[PDB]
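start26.pdb follows; it contains PDB, C-alpha atoms.
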ATOM      1  CA  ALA A  52      -3.300  17.598  35.474
ATOM      2  CA  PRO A  53      -1.135  15.933  38.135
ATOM      3  CA  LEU A  54       1.583  13.348  37.733
ATOM      4  CA  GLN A  55       0.513  10.064  39.370
ATOM      5  CA  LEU A  56       3.402   8.093  40.868
ATOM      6  CA  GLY A  57       1.441   4.990  41.828
ATOM      7  CA  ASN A  58       3.386   2.972  44.402
ATOM      8  CA  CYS A  59       6.608   4.998  43.927
ATOM      9  CA  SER A  60       8.109   7.946  45.763
ATOM     10  CA  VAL A  61       9.548  10.964  43.957
ATOM     11  CA  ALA A  62      13.003   9.505  44.633
ATOM     12  CA  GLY A  63      12.032   6.032  43.347
ATOM     13  CA  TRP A  64      10.627   7.513  40.138
ATOM     14  CA  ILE A  65      13.399  10.048  39.375
ATOM     15  CA  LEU A  66      16.227   7.561  40.136
ATOM     16  CA  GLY A  67      14.585   4.868  38.055
ATOM     17  CA  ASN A  68      13.906   2.204  40.680
ATOM     18  CA  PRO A  69      13.177  -0.824  38.437
ATOM     19  CA  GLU A  70       9.779  -1.307  40.131
ATOM     20  CA  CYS A  71       8.794   2.203  39.015
ATOM     21  CA  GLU A  72       7.313   2.763  35.604
ATOM     22  CA  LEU A  73       4.566   5.346  35.400
ATOM     23  CA  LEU A  74       1.229   4.114  34.081
ATOM     24  CA  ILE A  75       1.047   7.388  32.113
ATOM     25  CA  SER A  76       4.326   9.188  31.306
ATOM     26  CA  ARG A  77       3.829  12.849  30.402
ATOM     27  CA  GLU A  78       5.896  15.845  29.390
ATOM     28  CA  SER A  79       4.068  18.342  31.642
ATOM     29  CA  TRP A  80       2.061  18.362  34.870
ATOM     30  CA  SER A  81       0.803  20.752  37.518
ATOM     31  CA  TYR A  82       1.293  18.874  40.843
ATOM     32  CA  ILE A  83       2.531  15.438  41.933
ATOM     33  CA  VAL A  84       0.361  12.925  43.799
ATOM     34  CA  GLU A  85       2.435  10.627  46.040
ATOM     35  CA  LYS A  86       0.967   8.089  48.457
ATOM     36  CA  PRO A  87       1.837   8.390  52.169
ATOM     37  CA  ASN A  88       4.029   5.255  52.471
ATOM     38  CA  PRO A  89       5.278   4.461  48.963
ATOM     39  CA  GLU A  90       6.469   0.888  48.528
ATOM     40  CA  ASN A  91       9.179   1.734  45.956
ATOM     41  CA  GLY A  92      11.693   4.440  46.832
ATOM     42  CA  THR A  93      15.472   4.349  47.258
ATOM     43  CA  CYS A  94      15.697   0.601  46.911
ATOM     44  CA  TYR A  95      19.417   0.832  47.698
ATOM     45  CA  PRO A  96      19.240   2.551  51.098
ATOM     46  CA  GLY A  97      20.733   5.968  51.648
ATOM     47  CA  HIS A  98      20.272   9.678  52.264
ATOM     48  CA  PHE A  99      18.717  11.754  49.452
ATOM     49  CA  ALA A 100      20.233  15.259  49.719
ATOM     50  CA  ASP A 101      18.014  18.370  49.625
ATOM     51  CA  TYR A 102      15.051  16.131  48.858
ATOM     52  CA  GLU A 103      12.284  18.586  49.728
ATOM     53  CA  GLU A 104      13.799  21.135  47.333
ATOM     54  CA  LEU A 105      13.859  18.503  44.567
ATOM     55  CA  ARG A 106      10.183  17.671  45.131
ATOM     56  CA  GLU A 107       9.439  21.394  44.808
ATOM     57  CA  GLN A 108      11.422  21.725  41.556
ATOM     58  CA  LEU A 109       9.505  18.767  40.102
ATOM     59  CA  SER A 110       6.108  19.746  41.538
ATOM     60  CA  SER A 111       5.044  21.785  38.507
ATOM     61  CA  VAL A 112       6.835  21.205  35.202
ATOM     62  CA  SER A 113       5.988  22.691  31.819
ATOM     63  CA  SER A 114       8.326  20.475  29.775
ATOM     64  CA  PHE A 115      10.099  17.203  30.657
ATOM     65  CA  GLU A 116      12.399  14.787  28.797
ATOM     66  CA  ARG A 117      14.457  11.867  30.135
ATOM     67  CA  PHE A 118      17.606  11.458  28.019
ATOM     68  CA  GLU A 119      20.983   9.685  28.039
ATOM     69  CA  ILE A 120      23.819  11.635  29.572
ATOM     70  CA  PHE A 121      27.181  10.014  28.688
ATOM     71  CA  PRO A 122      25.484   7.703  26.168
ATOM     72  CA  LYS A 123      26.142   3.956  26.046
ATOM     73  CA  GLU A 124      28.517   1.638  27.918
ATOM     74  CA  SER A 125      31.251   2.928  25.584
ATOM     75  CA  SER A 126      31.343   6.050  27.811
ATOM     76  CA  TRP A 127      33.002   3.941  30.586
ATOM     77  CA  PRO A 128      35.289   1.459  28.780
ATOM     78  CA  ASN A 129      37.790   1.043  31.622
ATOM     79  CA  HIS A 130      35.334   0.490  34.519
ATOM     80  CA  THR A 131      32.849  -2.271  35.210
ATOM     81  CA  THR A 132      29.275  -0.987  34.825
ATOM     82  CA  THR A 133      27.127  -4.032  35.510
ATOM     83  CA  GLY A 134      26.920  -3.791  39.324
ATOM     84  CA  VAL A 135      23.465  -4.763  40.661
ATOM     85  CA  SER A 136      21.998  -5.342  44.128
ATOM     86  CA  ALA A 137      19.454  -7.683  45.703
ATOM     87  CA  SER A 138      18.035  -4.542  47.361
ATOM     88  CA  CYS A 139      16.769  -3.408  43.918
ATOM     89  CA  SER A 140      15.547  -6.797  42.714
ATOM     90  CA  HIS A 141      13.182  -7.105  39.755
ATOM     91  CA  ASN A 142      11.320 -10.297  38.845
ATOM     92  CA  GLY A 143      13.445 -12.335  41.226
ATOM     93  CA  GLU A 144      16.818 -11.050  40.058
ATOM     94  CA  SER A 145      19.226  -8.447  41.416
ATOM     95  CA  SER A 146      19.006  -5.162  39.503
ATOM     96  CA  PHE A 147      19.730  -1.454  39.864
ATOM     97  CA  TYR A 148      18.367   2.010  39.119
ATOM     98  CA  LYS A 149      17.749   2.704  35.453
ATOM     99  CA  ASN A 150      19.035   6.281  35.694
ATOM    100  CA  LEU A 151      22.385   5.695  37.487
ATOM    101  CA  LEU A 152      25.283   3.339  36.810
ATOM    102  CA  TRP A 153      27.453   1.642  39.475
ATOM    103  CA  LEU A 154      31.109   2.004  38.389
ATOM    104  CA  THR A 155      33.553  -0.507  39.903
ATOM    105  CA  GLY A 156      36.988  -1.961  39.140
ATOM    106  CA  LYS A 157      37.750  -3.774  35.889
ATOM    107  CA  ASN A 158      40.622  -6.191  35.144
ATOM    108  CA  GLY A 159      42.108  -5.621  38.609
ATOM    109  CA  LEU A 160      42.152  -1.788  38.273
ATOM    110  CA  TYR A 161      40.095   1.288  39.095
ATOM    111  CA  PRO A 162      41.449   4.094  36.842
ATOM    112  CA  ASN A 163      41.000   7.784  37.537
ATOM    113  CA  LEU A 164      37.980   8.963  35.541
ATOM    114  CA  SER A 165      37.144  12.422  34.169
ATOM    115  CA  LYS A 166      33.922  12.993  32.187
ATOM    116  CA  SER A 167      32.135  16.152  31.060
ATOM    117  CA  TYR A 168      28.585  16.905  29.844
ATOM    118  CA  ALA A 169      27.790  20.196  28.055
ATOM    119  CA  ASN A 170      24.154  21.304  28.164
ATOM    120  CA  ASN A 171      23.555  22.137  24.476
ATOM    121  CA  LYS A 172      19.798  22.375  24.993
ATOM    122  CA  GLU A 173      17.777  25.520  25.611
ATOM    123  CA  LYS A 174      16.318  24.067  28.840
ATOM    124  CA  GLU A 175      17.999  23.390  32.161
ATOM    125  CA  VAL A 176      19.093  19.792  32.848
ATOM    126  CA  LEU A 177      18.574  17.972  36.157
ATOM    127  CA  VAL A 178      21.642  15.759  36.798
ATOM    128  CA  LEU A 179      21.546  13.100  39.564
ATOM    129  CA  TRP A 180      24.402  10.946  40.925
ATOM    130  CA  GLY A 181      25.351   8.917  43.976
ATOM    131  CA  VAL A 182      28.297   8.486  46.320
ATOM    132  CA  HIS A 183      28.755   5.010  47.830
ATOM    133  CA  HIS A 184      29.626   4.476  51.521
ATOM    134  CA  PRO A 185      30.566   0.807  51.970
ATOM    135  CA  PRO A 186      30.132  -0.836  55.405
ATOM    136  CA  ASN A 187      33.774  -1.955  55.863
ATOM    137  CA  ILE A 188      37.338  -1.697  54.534
ATOM    138  CA  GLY A 189      37.163  -5.020  52.713
ATOM    139  CA  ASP A 190      34.178  -3.919  50.585
ATOM    140  CA  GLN A 191      35.719  -0.515  49.846
ATOM    141  CA  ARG A 192      38.972  -2.120  48.652
ATOM    142  CA  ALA A 193      37.189  -4.867  46.686
ATOM    143  CA  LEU A 194      35.098  -2.439  44.623
ATOM    144  CA  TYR A 195      37.434   0.534  44.246
ATOM    145  CA  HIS A 196      40.991  -0.717  44.971
ATOM    146  CA  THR A 197      41.757   2.095  47.431
ATOM    147  CA  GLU A 198      40.805   3.448  50.840
ATOM    148  CA  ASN A 199      41.653   7.008  49.642
ATOM    149  CA  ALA A 200      38.829   7.719  47.181
ATOM    150  CA  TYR A 201      37.615  11.173  46.170
ATOM    151  CA  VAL A 202      34.702  12.392  43.989
ATOM    152  CA  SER A 203      34.592  15.889  42.438
ATOM    153  CA  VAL A 204      31.575  17.446  40.659
ATOM    154  CA  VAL A 205      32.143  20.912  39.117
ATOM    155  CA  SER A 206      30.000  23.296  37.003
ATOM    156  CA  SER A 207      29.634  27.088  36.781
ATOM    157  CA  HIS A 208      27.412  27.500  39.854
ATOM    158  CA  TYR A 209      28.049  24.187  41.630
ATOM    159  CA  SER A 210      31.216  22.641  43.034
ATOM    160  CA  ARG A 211      31.502  19.842  45.570
ATOM    161  CA  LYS A 212      34.347  17.538  46.602
ATOM    162  CA  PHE A 213      33.254  14.349  48.375
ATOM    163  CA  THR A 214      35.627  12.260  50.567
ATOM    164  CA  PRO A 215      33.385   9.263  51.288
ATOM    165  CA  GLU A 216      33.876   7.378  54.533
ATOM    166  CA  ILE A 217      33.060   3.789  55.462
ATOM    167  CA  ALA A 218      30.187   3.226  57.921
ATOM    168  CA  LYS A 219      28.493  -0.031  58.986
ATOM    169  CA  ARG A 220      24.745   0.735  59.127
ATOM    170  CA  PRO A 221      21.716  -1.392  60.116
ATOM    171  CA  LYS A 222      20.884  -4.004  57.491
ATOM    172  CA  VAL A 223      18.095  -2.589  55.259
ATOM    173  CA  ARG A 224      17.040  -4.668  52.236
ATOM    174  CA  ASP A 225      20.159  -6.794  52.926
ATOM    175  CA  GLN A 226      22.519  -3.768  52.823
ATOM    176  CA  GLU A 227      24.766  -2.503  55.597
ATOM    177  CA  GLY A 228      26.256   0.151  53.298
ATOM    178  CA  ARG A 229      24.471   3.140  51.783
ATOM    179  CA  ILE A 230      24.426   5.270  48.636
ATOM    180  CA  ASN A 231      23.914   8.995  49.216
ATOM    181  CA  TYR A 232      21.986  10.700  46.387
ATOM    182  CA  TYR A 233      22.757  14.175  45.009
ATOM    183  CA  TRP A 234      21.473  16.450  42.253
ATOM    184  CA  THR A 235      21.970  19.823  40.585
ATOM    185  CA  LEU A 236      20.399  21.937  37.818
ATOM    186  CA  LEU A 237      22.713  22.678  34.891
ATOM    187  CA  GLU A 238      21.897  25.887  33.039
ATOM    188  CA  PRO A 239      21.755  25.899  29.181
ATOM    189  CA  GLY A 240      25.298  26.300  27.872
ATOM    190  CA  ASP A 241      27.029  25.182  31.100
ATOM    191  CA  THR A 242      29.235  22.086  31.468
ATOM    192  CA  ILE A 243      29.369  19.647  34.413
ATOM    193  CA  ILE A 244      32.614  17.714  35.119
ATOM    194  CA  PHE A 245      32.853  14.483  37.162
ATOM    195  CA  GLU A 246      36.258  13.312  38.359
ATOM    196  CA  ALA A 247      36.729  10.349  40.688
ATOM    197  CA  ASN A 248      38.979   7.497  41.841
ATOM    198  CA  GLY A 249      36.180   5.459  43.456
ATOM    199  CA  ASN A 250      32.737   5.465  45.031
ATOM    200  CA  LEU A 251      30.866   7.272  42.230
ATOM    201  CA  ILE A 252      27.430   6.070  41.153
ATOM    202  CA  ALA A 253      27.496   7.891  37.812
ATOM    203  CA  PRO A 254      24.623   9.609  35.972
ATOM    204  CA  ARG A 255      23.104   7.447  33.231
ATOM    205  CA  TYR A 256      19.909   9.368  32.421
ATOM    206  CA  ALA A 257      19.287  13.058  33.137
ATOM    207  CA  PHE A 258      16.210  15.249  32.572
ATOM    208  CA  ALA A 259      15.701  18.353  30.444
ATOM    209  CA  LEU A 260      12.940  20.462  31.904
ATOM    210  CA  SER A 261      11.220  23.833  32.012
ATOM    211  CA  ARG A 262       9.196  25.339  34.879
ATOM    212  CA  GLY A 263       6.616  28.136  34.639
ATOM    213  CA  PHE A 264       7.511  28.362  30.940
ATOM    214  CA  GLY A 265       6.200  26.219  28.074
TER
END

Starting from the file, lay out its structure as structure tokens.
Amino acid sequence: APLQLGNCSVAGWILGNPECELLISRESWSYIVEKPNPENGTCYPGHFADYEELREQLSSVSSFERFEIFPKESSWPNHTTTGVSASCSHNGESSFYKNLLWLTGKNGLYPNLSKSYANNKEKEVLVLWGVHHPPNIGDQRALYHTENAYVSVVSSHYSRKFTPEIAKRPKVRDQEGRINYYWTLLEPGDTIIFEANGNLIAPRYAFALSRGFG
């Protein structure tokens, strides 16, 4: 049986757009049914990297579990985690994706961060994150307290260093900045390491899954 996304896109559902909750949440499915112009997608505008490949990975799934990666706010005690946006409003109030967490300065500081997750399950884990591109210097400095921010994501078969640049884009859902979305599959037993000094939209929930097996 197929997974029915309702008014949500694959990106809206997997990121946890607050307007997306499946009517029927299941641990396995054969195909996904998505409507042609879904109303609820990347509510905070931005490019979703390798999106067609992600849709294919999620098209048929024999086991699926959404779980906390880096559990609780106590995983980020020296950053502010409560950032929300009018672009992802819910019930008349600014909100944010359920599966990512916007990290910004706290107490006048943005400390270097370095956080690891070890996949101690017997299934691969889909990890998603974002990299923020503010529209101007003032916004970049206000949130992250630097114009020289770097993000590093390293595992056994994946490494990428991001050097995010400012860019003023057309206003979409009130936003002239953008969040670019990224993902990778972490093999059982492997460890993923995030290091950053700004601009990281950190994983909050990740997904254990099996394909063709289960």

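Applied to the file shown here, the PyMOL selection byres ((chain A and resi 159) around 12) selects the residues residues 129, 130, 131, 155, 156, 157, 158, 160, 161, 162, 192, 193, 194, 195, 196 and 197 of chain A.
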
Residues of the last selection are to be written out with C-alpha atoms, as a compact mmCIF listing (two decimals), in the coordinates of the input.
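Below is the file result01.txt, written as the result:
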# COMPACT_ATOMS: atom_id res chain seq x y z
CA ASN A 129 37.79 1.04 31.62
CA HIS A 130 35.33 0.49 34.52
CA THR A 131 32.85 -2.27 35.21
CA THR A 155 33.55 -0.51 39.90
CA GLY A 156 36.99 -1.96 39.14
CA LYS A 157 37.75 -3.77 35.89
CA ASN A 158 40.62 -6.19 35.14
CA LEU A 160 42.15 -1.79 38.27
CA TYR A 161 40.10 1.29 39.10
CA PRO A 162 41.45 4.09 36.84
CA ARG A 192 38.97 -2.12 48.65
CA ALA A 193 37.19 -4.87 46.69
CA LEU A 194 35.10 -2.44 44.62
CA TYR A 195 37.43 0.53 44.25
CA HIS A 196 40.99 -0.72 44.97
CA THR A 197 41.76 2.10 47.43

Among listed residues A:139, A:73, A:205, A:252, nearest residue 154 (chain A) (using all atoms listed in the file):
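Of the candidates, the smallest distance to residue 154 (chain A) is held by A:252.
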
Evaluated on this file, the PyMOL selection byres ((chain A and resi 150) around 9) picks out some residues - which ones are they, written as JSON, numbers by chain?
{"A": [65, 66, 67, 68, 119, 147, 148, 149, 151, 152, 179, 180, 253, 254, 255, 256, 257]}

What separates CA of residue 221 (chain A) and CA of residue 95 (chain A) is a distance of 12.8 Å

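The list of residues with at least one atom within 9 Å of region 234-238 of chain A, based on all atoms listed in the file and without residues fewer than 2 positions apart in the same chain, reads residues 100, 101, 105, 169, 170, 173, 174, 175, 176, 177, 178, 179, 180, 181, 206, 207, 208, 209, 232, 240, 241, 242 and 243 of chain A.
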
Now that the selection is made, can you save its residues with C-alpha atoms as a PDB file, keeping the file's coordinate frame?
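Output (part_21.pdb):
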ATOM      1  CA  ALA A 100      20.233  15.259  49.719  1.00  0.00           C
ATOM      2  CA  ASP A 101      18.014  18.370  49.625  1.00  0.00           C
ATOM      3  CA  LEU A 105      13.859  18.503  44.567  1.00  0.00           C
ATOM      4  CA  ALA A 169      27.790  20.196  28.055  1.00  0.00           C
ATOM      5  CA  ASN A 170      24.154  21.304  28.164  1.00  0.00           C
ATOM      6  CA  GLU A 173      17.777  25.520  25.611  1.00  0.00           C
ATOM      7  CA  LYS A 174      16.318  24.067  28.840  1.00  0.00           C
ATOM      8  CA  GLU A 175      17.999  23.390  32.161  1.00  0.00           C
ATOM      9  CA  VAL A 176      19.093  19.792  32.848  1.00  0.00           C
ATOM     10  CA  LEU A 177      18.574  17.972  36.157  1.00  0.00           C
ATOM     11  CA  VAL A 178      21.642  15.759  36.798  1.00  0.00           C
ATOM     12  CA  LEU A 179      21.546  13.100  39.564  1.00  0.00           C
ATOM     13  CA  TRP A 180      24.402  10.946  40.925  1.00  0.00           C
ATOM     14  CA  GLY A 181      25.351   8.917  43.976  1.00  0.00           C
ATOM     15  CA  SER A 206      30.000  23.296  37.003  1.00  0.00           C
ATOM     16  CA  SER A 207      29.634  27.088  36.781  1.00  0.00           C
ATOM     17  CA  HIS A 208      27.412  27.500  39.854  1.00  0.00           C
ATOM     18  CA  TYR A 209      28.049  24.187  41.630  1.00  0.00           C
ATOM     19  CA  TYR A 232      21.986  10.700  46.387  1.00  0.00           C
ATOM     20  CA  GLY A 240      25.298  26.300  27.872  1.00  0.00           C
ATOM     21  CA  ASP A 241      27.029  25.182  31.100  1.00  0.00           C
ATOM     22  CA  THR A 242      29.235  22.086  31.468  1.00  0.00           C
ATOM     23  CA  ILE A 243      29.369  19.647  34.413  1.00  0.00           C
TER      24      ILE A 243
END

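Taking CA of residue 124 (chain A) as the reference point, CA of residue 251 (chain A) is found at 15.6 Å.
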
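Across A:210, A:110, A:165, A:91, the tightest approach to residue 141 (chain A) is made by A:91 when counting all atoms listed in the file.
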
Could you please determine the separation between CA of residue 264 (chain A) and CA of residue 204 (chain A) in Å, to one decimal place?
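Distance reported for this atom pair: 28.2 Å.
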
Return as a ChimeraX atom specification the set of residues that the PyMOL selection byres ((chain A and resi 261) around 7) yields on the displayed structure.
/A:112-115,174-175,260,262-265

Hey, what's within 10 Å of residue 76 (chain A) if we count only C-alpha atoms and toss same-chain stuff fewer than 4 positions away? As a list in words, please?
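With the cut-off at 10 Å, the set is residues 54, 55, 56, 72 and 115 of chain A.
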
Would you export the selected residues with C-alpha atoms as a CSV table (one decimal), keeping the file's coordinate frame, please?
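That gives us again.csv:
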chain,number,residue,atom,x,y,z
A,54,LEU,CA,1.6,13.3,37.7
A,55,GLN,CA,0.5,10.1,39.4
A,56,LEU,CA,3.4,8.1,40.9
A,72,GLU,CA,7.3,2.8,35.6
A,115,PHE,CA,10.1,17.2,30.7

Find the residues near residue 164 (chain A): any atom within 7 Å, counting only C-alpha atoms, skip ones fewer than 4 places away on the same chain, and give them as a ChimeraX atom specification.
/A:246-248

Residue nearest residue 138 (chain A) - candidates A:70, A:216, A:198, A:85, atoms counted: all atoms listed in the file:
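Nearest candidate to residue 138 (chain A) out of A:70, A:216, A:198, A:85: A:70.
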
Under the rule that all atoms listed in the file are counted, which of A:220, A:172, A:96, A:132 is the nearest residue to residue 118 (chain A)?
A:172

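Restricting the calculation to only C-alpha atoms, the smallest distance between residue 171 (chain A) and any of A:230, A:120, A:84, A:61 is found for A:120.
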
Counting all atoms listed in the file, which residue out of A:186, A:117, A:125, A:109 sits closest to residue 222 (chain A)?
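Smallest distance to residue 222 (chain A) is found for A:186.
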
Within 7 Å of (16.9, 7.1, 47.5) (coordinates as in the file), grab all the protein and nucleic acid residues, counting only C-alpha atoms, and write them out as a list in words.
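Protein, DNA and RNA residues close to (16.9, 7.1, 47.5): residues 62, 63, 92, 93, 94, 95, 96, 97, 98, 99 and 232 of chain A.
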
Expected answer as a PyMOL selection string: all residues with atoms within 10 Å of (2.3, -3.3, 43.9), only C-alpha atoms:
chain A and resi 57-59+70-71+89-91

With a distance cut-off of 7 Å and only C-alpha atoms, select the neighbouring residues of residue 214 (chain A), excluding the residue or stretch itself and same-chain residues fewer than 5 positions from it, and output the selection as a count of residues only.
3

What lies within 10 Å of residue 185 (chain A) using all atoms listed in the file, ignoring chain neighbours under 4 positions off, as a list in words?
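Listing them by chain and then by number gives residues 189, 190, 191, 192, 194, 215, 216, 217, 218, 219, 220, 226, 227, 228, 229, 230 and 250 of chain A.
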
With C-alpha atoms retained, export the selected residues as an mmCIF file, in the coordinates of the input.
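Heads up, here's the output in selection_6.cif:
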data_model
loop_
_atom_site.group_PDB
_atom_site.id
_atom_site.type_symbol
_atom_site.label_atom_id
_atom_site.label_comp_id
_atom_site.auth_asym_id
_atom_site.auth_seq_id
_atom_site.Cartn_x
_atom_site.Cartn_y
_atom_site.Cartn_z
ATOM 1 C CA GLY A 189 37.163 -5.020 52.713
ATOM 2 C CA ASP A 190 34.178 -3.919 50.585
ATOM 3 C CA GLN A 191 35.719 -0.515 49.846
ATOM 4 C CA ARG A 192 38.972 -2.120 48.652
ATOM 5 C CA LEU A 194 35.098 -2.439 44.623
ATOM 6 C CA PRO A 215 33.385 9.263 51.288
ATOM 7 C CA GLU A 216 33.876 7.378 54.533
ATOM 8 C CA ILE A 217 33.060 3.789 55.462
ATOM 9 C CA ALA A 218 30.187 3.226 57.921
ATOM 10 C CA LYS A 219 28.493 -0.031 58.986
ATOM 11 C CA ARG A 220 24.745 0.735 59.127
ATOM 12 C CA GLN A 226 22.519 -3.768 52.823
ATOM 13 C CA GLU A 227 24.766 -2.503 55.597
ATOM 14 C CA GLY A 228 26.256 0.151 53.298
ATOM 15 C CA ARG A 229 24.471 3.140 51.783
ATOM 16 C CA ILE A 230 24.426 5.270 48.636
ATOM 17 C CA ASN A 250 32.737 5.465 45.031
#

Repair of region 64-77 of chain A at the level of N, CA, C and O atoms, as a short mmCIF file (atom, residue, chain, number, x, y, z; two decimals), in the coordinates of the input:
data_model
loop_
_atom_site.label_atom_id
_atom_site.label_comp_id
_atom_site.auth_asym_id
_atom_site.auth_seq_id
_atom_site.Cartn_x
_atom_site.Cartn_y
_atom_site.Cartn_z
N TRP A 64 10.93 7.21 41.53
CA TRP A 64 10.63 7.51 40.14
C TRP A 64 11.81 8.20 39.45
O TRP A 64 12.25 7.77 38.38
N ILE A 65 12.36 9.26 40.05
CA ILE A 65 13.40 10.05 39.38
C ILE A 65 14.72 9.28 39.27
O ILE A 65 15.48 9.50 38.32
N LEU A 66 15.02 8.39 40.23
CA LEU A 66 16.23 7.56 40.14
C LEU A 66 16.04 6.39 39.18
O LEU A 66 17.05 5.81 38.75
N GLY A 67 14.80 6.02 38.90
CA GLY A 67 14.58 4.87 38.06
C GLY A 67 14.62 3.54 38.78
O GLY A 67 15.08 2.52 38.22
N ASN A 68 14.12 3.49 40.02
CA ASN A 68 13.91 2.20 40.68
C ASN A 68 13.21 1.25 39.71
O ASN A 68 12.21 1.63 39.07
N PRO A 69 13.73 0.03 39.50
CA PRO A 69 13.18 -0.82 38.44
C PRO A 69 11.74 -1.25 38.68
O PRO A 69 11.10 -1.75 37.74
N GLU A 70 11.20 -1.05 39.88
CA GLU A 70 9.78 -1.31 40.13
C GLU A 70 8.91 -0.10 39.81
O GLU A 70 7.68 -0.15 39.97
N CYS A 71 9.52 0.99 39.34
CA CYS A 71 8.79 2.20 39.02
C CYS A 71 8.77 2.33 37.50
O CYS A 71 9.82 2.44 36.86
N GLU A 72 7.58 2.25 36.93
CA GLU A 72 7.31 2.76 35.60
C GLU A 72 5.94 3.40 35.71
O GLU A 72 5.00 2.75 36.19
N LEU A 73 5.84 4.66 35.32
CA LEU A 73 4.57 5.35 35.40
C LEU A 73 3.56 4.63 34.51
O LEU A 73 3.92 4.08 33.47
N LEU A 74 2.29 4.60 34.95
CA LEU A 74 1.23 4.11 34.08
C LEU A 74 1.02 5.06 32.91
O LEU A 74 0.65 4.62 31.81
N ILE A 75 1.24 6.35 33.13
CA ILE A 75 1.05 7.39 32.11
C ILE A 75 2.21 8.37 32.25
O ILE A 75 2.25 9.15 33.20
N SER A 76 3.15 8.32 31.31
CA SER A 76 4.33 9.19 31.31
C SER A 76 4.04 10.43 30.46
O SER A 76 3.63 10.31 29.30
N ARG A 77 4.24 11.61 31.05
CA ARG A 77 3.83 12.85 30.40
C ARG A 77 4.96 13.86 30.39
O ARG A 77 5.91 13.79 31.18
#
